[PDB]
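The block underneath contains the structure these notes are about, expressed in structure tokens.
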Amino acid sequence: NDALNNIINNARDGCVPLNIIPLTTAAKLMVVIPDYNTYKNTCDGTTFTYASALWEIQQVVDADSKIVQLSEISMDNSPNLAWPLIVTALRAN
Amino acid sequence: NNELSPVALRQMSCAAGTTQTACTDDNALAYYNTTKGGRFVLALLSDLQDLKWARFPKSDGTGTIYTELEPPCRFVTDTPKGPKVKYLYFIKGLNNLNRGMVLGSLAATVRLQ
Amino acid sequence: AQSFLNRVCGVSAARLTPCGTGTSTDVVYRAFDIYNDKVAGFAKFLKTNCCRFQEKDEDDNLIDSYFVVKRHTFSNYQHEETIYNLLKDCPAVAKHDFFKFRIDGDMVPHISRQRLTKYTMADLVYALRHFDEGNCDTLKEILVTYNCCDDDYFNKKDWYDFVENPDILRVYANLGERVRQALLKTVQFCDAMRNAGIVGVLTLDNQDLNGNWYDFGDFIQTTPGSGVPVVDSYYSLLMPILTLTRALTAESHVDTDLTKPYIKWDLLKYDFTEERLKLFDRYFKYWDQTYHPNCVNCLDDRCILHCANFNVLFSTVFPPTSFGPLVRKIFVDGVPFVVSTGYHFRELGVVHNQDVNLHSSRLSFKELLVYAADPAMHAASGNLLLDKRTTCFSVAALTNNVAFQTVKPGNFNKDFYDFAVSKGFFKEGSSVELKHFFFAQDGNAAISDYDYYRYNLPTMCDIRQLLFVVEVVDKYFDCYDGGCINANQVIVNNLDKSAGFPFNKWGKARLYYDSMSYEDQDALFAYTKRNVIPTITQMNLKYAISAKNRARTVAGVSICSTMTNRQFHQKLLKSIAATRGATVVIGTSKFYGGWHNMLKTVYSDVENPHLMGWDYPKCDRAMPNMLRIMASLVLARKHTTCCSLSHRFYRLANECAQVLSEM
Amino acid sequence: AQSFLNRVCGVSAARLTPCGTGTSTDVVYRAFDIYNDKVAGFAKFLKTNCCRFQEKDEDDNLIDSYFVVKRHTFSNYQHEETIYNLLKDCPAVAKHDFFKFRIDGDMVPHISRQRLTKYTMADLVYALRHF
Amino acid sequence: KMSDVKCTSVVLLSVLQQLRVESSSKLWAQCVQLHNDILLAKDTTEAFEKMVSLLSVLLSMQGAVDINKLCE
Ligand SMILES: [Zn+2]
Ligand SMILES: [Zn+2]
């Protein structure tokens, strides 16, 4: 993209650590949540924030990789899902 | 509790000067730790203003050591002839321990103002 | 009688109660740091000459501040008198008080210290460096006194364990602030002591747990502004506690003020050199040896260890994203790339590659390898990932969905079982039985075992004793011979194993060991002798019999690492594996009497022999970095002629970045 | 915590005071008469395994009678138990008390002597014969 | 005797796994749990009740036609 070139031009020597490259130029996030509690603390509603930037949820799957609607991520329904949910999101501008 | 100088050292006169050759002979006062591997000197004491080099033959007397020196230390010992300025020359690159040891020996040996 | 208490209370109005009986001294067990001319060491002695008075608070409840009164020689009296008169200014000194008293016909000297503490730093350090859960009572008293945890905690059995009950880390961490104050006050005292022209050795057991010093027993005089305080044993013994208690954790706040937020370091900054120098000056001013923040400039290996230690300490302050490969944008035949040109070690500071070239035309095999093996492209072209199943730092996900690996159960040989029960085995209650099975694992088995690295914590080592034991260990290792070897002398058994990632997509190690002429291999060696090549490591699940149902994993290092580590180490390795009667007994077969010879050799001739053997829990996951680096240096010590000095440092850097802290 | 201090006081006059620091033993210098097989003599040794509680008087002033509590082996416990049961009658014997307590997971033995004195005869004799 | 229970539990888990049960995820977790619990048990009774609870899985499906092999 351009943004990679941007953050490289910003650097005072044109060399930057590796850990921050996907942290600041990625376009897709993937979250792995073990239970419902940890789901509540972070992936809440259809948008959330991580890495000081806003993300919008786009698909949710379970261990077997079968689509799960946000409706049934209840507290009570939770003991009926293969439980390490995998949430893929998109960078919101 | 914890003591810092069980043993001290002895004294020698030797050669020193402003440059490697300006080292003329018998005007230096050396404190020497006579260790396992030969007579190892630590500090130099003189009234000469400043001297950048001392010159002492090796433990086997082959070569005369070329040892650059600290900026001299300023203090005024006394004798029957009143005040007496002397200068203490450390071999540059000396840990705090040897500084402390040499200072203990000297200060306990010689009177100041 | 009570006139003694009335006098000792001096003018600071204390409701002060006596704790030795009437006017006699008291017997206690304290830890000291002794070096006179005849005895020497650091151990628990029996202090005896002190009348100790517990100072009291309002409401007649007790409070931890005490007055301590000593009696000794008159010459000692005048000496402490004059020296305290010299130093009576800097807040780091406890307010003494000199007076005299008569019991019967004895105007006897008496020195009183005001508002001390029950223990000194030496007691804390001794308790933490000589721990035994059978009598760790003084430690318990310190912790409950300073409001770390409260008494009822200590009945929670296994409170002291590390693998078990990890909250002990927080509990210990609560002492950081106080330990820090101690260091700051030591610096202030060293300042005043140089200014007032005083010479004397500083020790641990002369400092209350508030930093206030006391006890000028054998300080001496000199012209003002020319006094050298000695701080070797002090810092050298204190060191481990600094990382055990997370002392410097205050430094990361907005202004070293535990209430304020965290500093916002920017994401792009990675140099961090002057910060390390400034911290070193703020906390260790009078340490008497140079310190290079970037170990590239070190002199011999001992300076490498000396500076890497401080780097281990200071690197626990700065943000964790600013470590790892440093990438940059290079062009080949009009195409932009992203490759790594350096690293940023937690121990060796910053390292820059020497041979880097922008604007290339074509790449031959060697460069194709070293580019495909870097994690730079793989991470820069992947999705961000936030894995909450662990606590280790994530980086990126390569493909769209995470794989879940499972472990199948074993297979049953019914014929042999029927045989063995037919001949009368496996009886109820017998001794021999079935204890070794093929335990199965479910989905999130791999990650649940990789998570076991959380037992690896930064560890600061006592630098002086380490610098001695490294010499002795080296001496255990002077019967062999090592050095580089050309490509045409390596010996590879089973050229048919996996080649790590990503090379395992195109065949086993036979391919790469069979498609690179000797020139390319020697060129690769020569290249890593001047650069750094980070690599990726893959984690594989073992499948074999055992008697404990934890999964087990083994790491598969890429071919770029082994292909060169072999040429660097194989000569010494094979020389070790072919010596008899040594201490290391690798390579000595146990058949044809080998067991007997080994036993006879180890039982050489000790006078009154007993045997003994121990065990390290979590050996490969809990070893701290410093001892791994030390081991690598001891191994490389056999290279005094083949390599030159910068070559040896770059080999150390490569081995670290490849097998110590890589993706 | 104030378990030891209380469940020790037993029943007689809850007017104790630790002259112990906590629930830990105490270090003192006493004179002993020692003949086991290897060492022998009459000298000052360093007794260590006793939690000593200074008993208090009315008006919260101190008084010289102490309770001394020891810990040792279970076999030692039963032995002292049965022998004290045998001899529990003649007024020449100090009223023991046997019980057990747990610090952490340990039902540990504990023997308590009631209303002793600070010193023994051996201390007086030693003081007067080694002046 | 107890060894016989451990052994047949090994064989049963092998059969289940080769009947593709590990494709589903929570079910395989439970089966692995019961198998590893049986392998470490000490007394026969509770091992037997875990054994029946685990066999219920194979019985709940229609891949193995037991009415065939139960011919003796
Ligand atoms: Zn260095
Ligand atoms: Zn070499």
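Odds and ends about this structure:
- Residue within region C:373-387 that is in contact with a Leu (Cβ under 8 Å, 6 or more places away or on another chain), within 26 Å of C:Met516 (Cβ to Cβ) and of a type in the set (D, E, K, R) present: no
- Test for D:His96: is it touching a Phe, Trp or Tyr at 6+ places or on another chain (Cβ under 6 Å) and of a type outside the set (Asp, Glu): yes
- Extreme residue, surrounded by the most Cβ atoms within 10 Å (Cβ to Cβ), among residues of region C:28-42 that are over 12 Å from B:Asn1 (Cα atoms) and in contact with a strand residue (DSSP E or B) (Cβ under 7 Å, 6 or more places away or on another chain): C:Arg30
- Among the residues making up region C:434-460, those that are part of a helix (DSSP H, G or I) and either among the aromatic types (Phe, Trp, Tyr) or within 10 Å of chain E (Cβ to nearest Cβ) (or both) are C:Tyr450, C:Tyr452, C:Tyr453, C:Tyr455.
- Of the helices (runs of 4 or more DSSP H) contained entirely in region C:552-663, those carrying at least 3 residues that are in contact with a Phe, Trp or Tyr (Cβ under 8 Å, 6 or more places away or on another chain) and within 16 Å of ligand 2 (Cβ to nearest atom) fall at C:559-576.
- Counting only residues that are β-branched (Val, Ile, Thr), surrounded by 12 or more Cβ atoms within 10 Å (Cβ to Cβ) and part of a loop (DSSP other than H, G, I, E, B), region C:400-433 holds 2 of them.
- The sole residue among A:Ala51, A:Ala63 that is within 12 Å of chain C (Cβ to nearest Cβ), free of Cβ contacts under 8 Å to residues at least 60 places away in the same chain, small (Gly, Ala, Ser) and crowded, with 17+ Cβ neighbours inside 10 Å is A:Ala63.
- Among the conditions (1) of a type outside the set (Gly, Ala, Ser); (2) exposed (fewer than 15 other Cβ atoms within 10 Å of the Cβ); (3) part of a loop (DSSP other than H, G, I, E, B); (4) within 16 Å of ligand 1 (Cβ to nearest atom), the only one that C:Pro293 does not satisfy is (2).
- Note on region C:619-651: residues that are away from ligand 1 (no atom under 16 Å from the Cβ), of a type in the set (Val, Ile, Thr) and crowded, with 19+ Cβ neighbours inside 10 Å amount to 0.
- Taking region C:186-212 as the range and being closer than 28 Å to C:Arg30 by Cα, within 13 Å of chain B (Cβ to nearest Cβ) and not in a loop (DSSP other than H, G, I, E, B) as the test, the residues that pass are C:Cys190, C:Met193, C:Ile198, C:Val199, C:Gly200, C:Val201, C:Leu204, C:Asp205, C:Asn206, C:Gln207.
- Consider region C:297-312 and keep the residues that are touching an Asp or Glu at 6+ places or on another chain (Cβ under 8 Å) and more than 11 Å from C:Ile463 (Cα to Cα). The one that is farthest from ligand 1 (Cβ to nearest atom) is C:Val312.
- Remark: D:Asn49 falls outside the filter, which requires a residue to be of a type in the set (S, T, N, Q) and more than 13 Å from chain C (Cβ to nearest Cβ).
- No other residue among C:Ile463, C:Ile447 is within 16 Å of ligand 1 (Cβ to nearest atom) and within 34 Å of the chain's Cα centre (by Cα) apart from C:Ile463.
- Residue match in region C:257-273 (condition: surrounded by fewer than 19 Cβ atoms within 10 Å (Cβ to Cβ), touching a strand residue (DSSP E or B) at 6+ places or on another chain (Cβ under 9 Å), free of Cβ contacts under 8 Å to residues at least 24 places away in the same chain and within 14 Å of chain A (Cβ to nearest Cβ)): yes
- Region E:1-21, subset of a type outside the set (A, V, I, L, M, F, W, C) and in contact with a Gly (Cβ under 9 Å, 6 or more places away or on another chain), residue nearest to the other protein chains (Cβ to nearest Cβ): E:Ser14
- Applying the condition of being touching a strand residue (DSSP E or B) at 6+ places or on another chain (Cβ under 9 Å) and within 14 Å of another protein chain (Cβ to nearest Cβ) to region D:85-105 and asking which residue is surrounded by the fewest Cβ atoms within 10 Å (Cβ to Cβ) yields D:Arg102.
Residues checked against (1) within 14 Å of chain C (Cβ to nearest Cβ); (2) more than 15 Å from B:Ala28 (Cα to Cα); (3) free of Cβ contacts under 8 Å to residues at least 60 places away in the same chain; (4) surrounded by 15 or more Cβ atoms within 10 Å (Cβ to Cβ):
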| residue | (1), (2), (3), (4) |
| --- | --- |
| B:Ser46 | no, no, yes, yes |
| B:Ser59 | no, yes, yes, no |
| B:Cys73 | yes, no, yes, yes |
| B:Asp78 | yes, yes, yes, no |
| B:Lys86 | yes, no, yes, yes |
| B:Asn98 | yes, yes, no, yes |
| B:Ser105 | yes, yes, no, yes |
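- Any chance C:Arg346 is among the charged types (D, E, K, R), under 25 Å from C:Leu633 (Cβ atoms) and in a loop (DSSP other than H, G, I, E, B): yes
- Here D:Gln54 passes the criteria (1) within 14 Å of another protein chain (Cβ to nearest Cβ); (2) closer than 20 Å to C:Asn135 by Cβ; (3) in contact with a strand residue (DSSP E or B) (Cβ under 6 Å, 6 or more places away or on another chain) except the one numbered (2).
Please note: Cβ atoms are built from the backbone with ideal geometry, for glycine as well, and neighbour counts cover all protein chains shown. Only the coordinates and a few stated rules stand behind these numbers; no lab work does.
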